[PDB]
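Asks: Here you go, one structure.
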Amino acid sequence: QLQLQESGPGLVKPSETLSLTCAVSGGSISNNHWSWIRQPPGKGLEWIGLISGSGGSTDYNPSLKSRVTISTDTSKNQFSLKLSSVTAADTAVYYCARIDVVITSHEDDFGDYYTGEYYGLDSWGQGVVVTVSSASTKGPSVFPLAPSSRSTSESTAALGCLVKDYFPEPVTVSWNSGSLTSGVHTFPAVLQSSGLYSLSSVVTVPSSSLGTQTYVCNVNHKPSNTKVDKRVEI
Amino acid sequence: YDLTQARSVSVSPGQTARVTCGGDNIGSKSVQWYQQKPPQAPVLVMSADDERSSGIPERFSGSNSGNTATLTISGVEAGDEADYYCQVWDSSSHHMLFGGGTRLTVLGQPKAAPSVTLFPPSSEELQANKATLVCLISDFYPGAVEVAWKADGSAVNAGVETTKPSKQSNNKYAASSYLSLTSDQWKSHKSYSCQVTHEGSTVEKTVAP
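Taken in order, these protein sequences are the chains called H and L.
If you count by the deposited numbering, then the first sequence holds residues 1 to 52, 52A, 53 to 82, 82A to 82C, 83 to 100, 100A to 100Q, 101 to 213, one letter each, in order.
If you count by the deposited numbering, then the second sequence holds residues 2 to 9, 11 to 95, 95A to 95B, 96 to 106, 106A, 107 to 208, one letter each, in order.
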């Protein structure tokens, strides 16, 4: 099972270089072609470029001019992207993917020359949020959201974590190390006047479990290397 | 090269939906189709004009001829609501091109009033002299609400910030609103309330220091 995972700094300063890596598991880099795609917030998909795994032959989106480099690393089974001289126009979610290619022969003298036709992108990574900004990285403070007396008198109750005052996006939240998935709802972040984001995540659980079951929210903020498992006291 | 896609398409459940991808002689290129449910990643639906990816049901079919390629979804259901992109490879210049994407909405979704949960500040936050009230608003349709905060009955303004509605996985909408206050401010009123208005009806929740 081919699994791709993008990684790299989430905050890039204007005019600097964006560097992202795509770790490939469940298959070899050399046995496929690989591509980078990006998607600005609330906009459509845009192709960045592709590279032949064993071949190193590359093609780039012409409008990216000479700001774009794609590379491969066999010993780490990764491929990479470098985008130089970035601006706020490069803020976007960046995806890596496999691209399906079929090579066609055509006998010459001589002899035969090959031709390539490219088809669909699959095995997409989850994408990595990149923000181009002069603002500073800040990791969040995580506070408990405890249900009210009235709320715990109902048959179920929502408890949660407030992930407060971070930059840049994004933050992820799981509950009980991912063993708790049903009833979880993580809300999209709000951007405050302070320039920082906050989000909330809640899980609705049986009121009978309150004060006997342990609930922990696992908050990750990769840009600041923040990883906190916060016990929600009841 | 250019790929053209209407921004939206609406159809009723069970009906047939048609998403079009127009391009000068696109009929001579191989067309792929992607389905995306943000913030999830895109999923390849159709390749080479009309070959379904594994796990894509027969009611999705593709065609390509002349200056238009089409993705047809028959028997549309709620699970089909999503953005659809067409895509081609131009071998002449070696460039991959995407259409702007078409958002498909399934009509006839019943009106749903928001559920609202309001949280007071935590002890932890108050001992740092801050107080953030959190009002979480979920499961509403259509995707539009107005939120108003009150302190002991008198409108609050401000310290209030509210997200745009975002689509949940079940096709209803969610939003949240935050009231940021100082510990002192929070202790000065007997009651705070979050009032959410949707389609002419309101839902209110109250918290007290």
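Where is the CB? At the ideal position from N, CA and C, for every residue including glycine.
What does the alpha-carbon distance come out to for the pair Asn170/L and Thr196/L?
Replies: 19 Å
Asks: Excluding the 5 residues preceding and the 5 following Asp26/L in the sequence, name in chain order all residues of the same chain whose CB lies nearer than 7 Å to its CB.
Replies: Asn69
Asks: Could you give the C-beta distance for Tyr191/L and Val202/L, rounded to a whole number, given that I count them as a contact under 8 Å?
Replies: Not a contact, Cβ separation roughly 15 Å.
Asks: Between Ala43/L and chain H, is any beta-carbon pair separated by less than 8 Å?
Replies: yes
Asks: Give the single residue among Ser188/H, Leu189/H and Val142/H whose Cα lies nearest to the Cα of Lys117/H.
Replies: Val142/H
Asks: Mind checking whether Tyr36/L and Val21/L have CB atoms under 8 Å apart?
Replies: no
Asks: Is it the case that the stretch 61-75 of chain L contacts the stretch 196-209 of chain H, given that we only count it when at least three CB pairs across the two stretches are under 8 Å?
Replies: no
Asks: Could you work out which residue in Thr100K/H, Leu189/H, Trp154/H and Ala136/H is closest to residue 220/H when comparing CA atoms only?
Replies: Nothing about residue 220/H can be reported from this structure: the residues present for chain H run from 1 to 213 only.
Asks: Do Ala125/H and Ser121/L have their C-beta atoms within less than 8 Å of each other?
Replies: yes
Asks: For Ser177/H, does the count of other Cβ atoms within 10 angstroms reach 16, so buried, or fall short, so exposed?
Replies: Buried, since its Cβ has 16 or more Cβ neighbours within 10 Å.
Asks: With a threshold of 8 Å between beta carbons, is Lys81/H in contact with chain L?
Replies: no
Asks: How close, in whole Å, do the beta carbons of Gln89/L and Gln34/L come, if the pair is a contact with beta carbons under 8 Å?
Replies: 5 Å
Asks: Please list, in chain order, the residues of the stretch 118-149 of chain L that have any C-beta partner in chain H closer than 7 Å.
Replies: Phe118, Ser121, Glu123, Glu124, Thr131, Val133, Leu135 and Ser137
Asks: Going straight from the alpha carbon of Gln42/L to that of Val169/H, what length do you get?
Replies: 19 Å
Asks: Does the stretch 135-154 of chain L come close enough to the stretch 171-178 of chain L to have 3 or more Cβ pairs within less than 8 Å?
Replies: yes
Asks: State the CB to CB distance for the pair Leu180/L and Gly158/L, rounded to an integer number of angstroms; the pair is presumed to be in contact (CB under 8 Å).
Replies: 6 Å
Asks: Hey, would you say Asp86/H sits closer than 8 Å to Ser79/H, going by beta carbons?
Replies: No, the Cβ-Cβ distance between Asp86/H and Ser79/H is not below 8 Å.
Asks: From the beta carbon of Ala111/L, is the nearest beta carbon of chain H less than 8 Å away?
Replies: So, not an interface residue.
Asks: Classify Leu63/H as helix, strand or coil using the three-state DSSP reduction.
Replies: helix
Asks: With a threshold of 8 Å between beta-carbons, can residue 214/H be considered close to chain L, or not?
Replies: No answer is possible for residue 214/H: it lies beyond the span of chain H, which begins at 1 and ends at 213.
Asks: Contact check, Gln5/H vs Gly104/H under 8 Å by CB: the rounded distance?
Replies: 6 Å
Asks: Could you name the residues that DSSP lists as bridge partners for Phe146/H?
Replies: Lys117/H
Asks: Tell me which residues share the same chain as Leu189/H and place their Cβ nearer than 8 Å to its Cβ, disregarding the 5 neighbours each side in the sequence.
Replies: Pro126, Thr131, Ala136, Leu138 and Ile213
Asks: Which term fits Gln126/L, buried or exposed, when burial requires 16 or more other beta carbons within 10 angstroms of its beta carbon?
Replies: By the Cβ-count criterion, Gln126/L is exposed, with fewer than 16 other Cβ atoms from all chains shown falling within 10 Å of its own Cβ.
Asks: At the level of alpha carbons, what is the spacing between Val45/L and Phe100F/H?
Replies: 42 Å
Asks: Would you mind telling me which residues of chain H sit closer than 8 Å to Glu160/L, beta carbon to beta carbon, in chain order?
Replies: Residues of chain H passing the Cβ test: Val169, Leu170, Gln171 and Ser172.
Asks: Going by beta-carbon coordinates alone, are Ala150/L and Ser182/L separated by less than 8 Å?
Replies: no
Asks: Suppose contacts are defined by Cβ-Cβ distances below 8 Å. Is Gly100/L in contact with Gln38/L by that definition?
Replies: no
Asks: Is the separation between the beta-carbon of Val89/H and that of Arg38/H shorter than 8 Å?
Replies: yes
Asks: Exposed or buried, which one is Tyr100I/H when buried takes at least 16 other CB atoms within 10 Å?
Replies: exposed
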